[PDB]
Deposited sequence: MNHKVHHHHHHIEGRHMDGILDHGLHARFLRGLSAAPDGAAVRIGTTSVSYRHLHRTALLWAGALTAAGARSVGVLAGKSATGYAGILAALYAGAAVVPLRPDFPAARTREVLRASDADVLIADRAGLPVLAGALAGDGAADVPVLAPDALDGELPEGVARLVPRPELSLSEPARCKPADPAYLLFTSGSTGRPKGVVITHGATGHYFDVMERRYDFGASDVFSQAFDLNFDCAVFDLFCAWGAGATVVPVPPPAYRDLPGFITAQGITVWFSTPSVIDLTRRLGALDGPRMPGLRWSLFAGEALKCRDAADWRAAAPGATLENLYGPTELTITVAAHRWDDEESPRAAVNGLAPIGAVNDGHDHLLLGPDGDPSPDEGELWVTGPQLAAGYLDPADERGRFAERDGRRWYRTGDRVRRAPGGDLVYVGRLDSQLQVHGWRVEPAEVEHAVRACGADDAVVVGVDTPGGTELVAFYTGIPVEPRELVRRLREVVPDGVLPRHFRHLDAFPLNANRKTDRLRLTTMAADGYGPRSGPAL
């Protein structure tokens, strides 16, 4: 089992071959059935010489098997979003130099557009007349099926993932170090049931898949209606491990769904992608009291997550800064610094180096200003302002470049929440606009409260919800435009 990332799936296969690898609605696909499908598809990918495989698919059997088939063929997985604009998907195919495309039924309608810039398509569910004319089809033959998955070197690409817009090359070796280190934090086993909440083109979906599969556990895609009541969905499905952006907490709370211990069977409550508020952690924890909660942090260029904090109902609120839970300690095997060009013991840009470094970007020229040399080593400059609490825990404060002159928006946001908002986004237009959710407050009352907690924005906007970007993060760029249009 030295194959690479996909060796995690082989370990599940060995532990629960006939157990459910993926549960899609009212049906399951077994490890064994995914394995054989991937061997079959990989034989076709191998015969066509595939080094990079576009996976143009949703949360379908085809899409999960397509990921595995790509890895089984020794190729990088290049996830493509069927619901993304076709022209964007064209750019990604060009940039990644994808050799083959695997498409499910959600991918078919976008495929004519996707291929309108030599790239055969493996689309099991399609009829011939459903592929655009010109496009050659990969029809996997059982006689060319591999007898076993390709074995890859730690340097080989496993995944090509795009940030929000550069292509990041994630290696087998880096995911190998990642899962080795994350597995040791947890107690996953074959009876666990993992959410699959992240989109397939977002790096955290790799944790969903390979932590579950590494344990012989079951992956359960979270369909969009489920967000009307996440705790109901978790309990109905017997989900033991939950992982998402922490926006789902305020969402669930707002809908009245976060009242009482509605998730008794949950064991792990994991959040990544944006700042986690203390208050949000404690609220989720009351709703899922038998689940350990963790705040997981990191950028795509450091393989999935690169720091972790295990929430403690008593200690974490003490270490909190600006109402935000700590991001904790960097993953084992990594060093970090907080730079001001001089290191600080207290606060600065977080720089990290270690085995989880991406191999780099699809265009090396993009590395400059992002990857950096220091003390003979290669680091990733996160562009995040991070503080060290007493205790040693790191705490994320904000984007390094968010500072203004009129000011640290994150301190204003914290003051708005201490005055009663569920959440706040403070942006510049130079003056301040403070968007907030929660109970509406007349702005002169909000100012009175803010002068009481911090002895100020000139404009306050109440929203039912912040807008979210493609990754289900607060869309701060959208809000900055809303501010400029309204008050420029």
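- Judged by missing C-alpha atoms, the gaps in the deposited chain sequence fall at residues 1-20, 138-141, 189-193, 370-371, 438-441, 465-469, 496-498, 532-538, listed in sequence order.
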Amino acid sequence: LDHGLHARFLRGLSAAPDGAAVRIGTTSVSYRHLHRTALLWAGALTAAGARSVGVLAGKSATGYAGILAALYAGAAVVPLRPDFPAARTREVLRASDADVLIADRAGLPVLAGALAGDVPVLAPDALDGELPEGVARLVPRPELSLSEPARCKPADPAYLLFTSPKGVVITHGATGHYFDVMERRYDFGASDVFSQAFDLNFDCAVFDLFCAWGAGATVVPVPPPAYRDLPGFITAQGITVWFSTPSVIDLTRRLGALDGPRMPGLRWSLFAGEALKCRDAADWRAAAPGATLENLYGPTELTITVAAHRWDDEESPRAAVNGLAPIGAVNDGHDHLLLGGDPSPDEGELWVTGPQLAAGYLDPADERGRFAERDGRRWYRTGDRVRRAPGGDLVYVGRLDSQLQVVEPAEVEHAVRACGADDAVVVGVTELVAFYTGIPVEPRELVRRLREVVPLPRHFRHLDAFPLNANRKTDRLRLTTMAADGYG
From here on, numbers count along this sequence of modelled residues.
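- Comparing 364-372 with 288-296, the stretch with the higher mean C-alpha B-factor in the PDB entry is 364-372.
- Per the PDB record, of the two stretches 36-44 and 445-453, 445-453 carries the greater mean B-factor over its C-alpha atoms.
- Of the candidates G354, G238, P326, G256, the one whose C-alpha carries the top B factor in the deposited record is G256.
- If you compare the C-alpha temperature factors of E349, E274, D104, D393 in the entry, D393 comes out highest.
- In the deposited entry, the Cα temperature factor of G438 sits in the middle third of values across the chain's modelled residues.
- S30: CA B factor in the lowest third of modelled residues in this chain (values from the PDB entry).
- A95: CA B factor in the middle third of modelled residues in this chain (values from the PDB entry).
- Sorting the modelled residues of the chain by their CA temperature factor places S52 in the middle third.
- Annotation for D18: CA B-factor lies in the lowest third of the chain's modelled residues.
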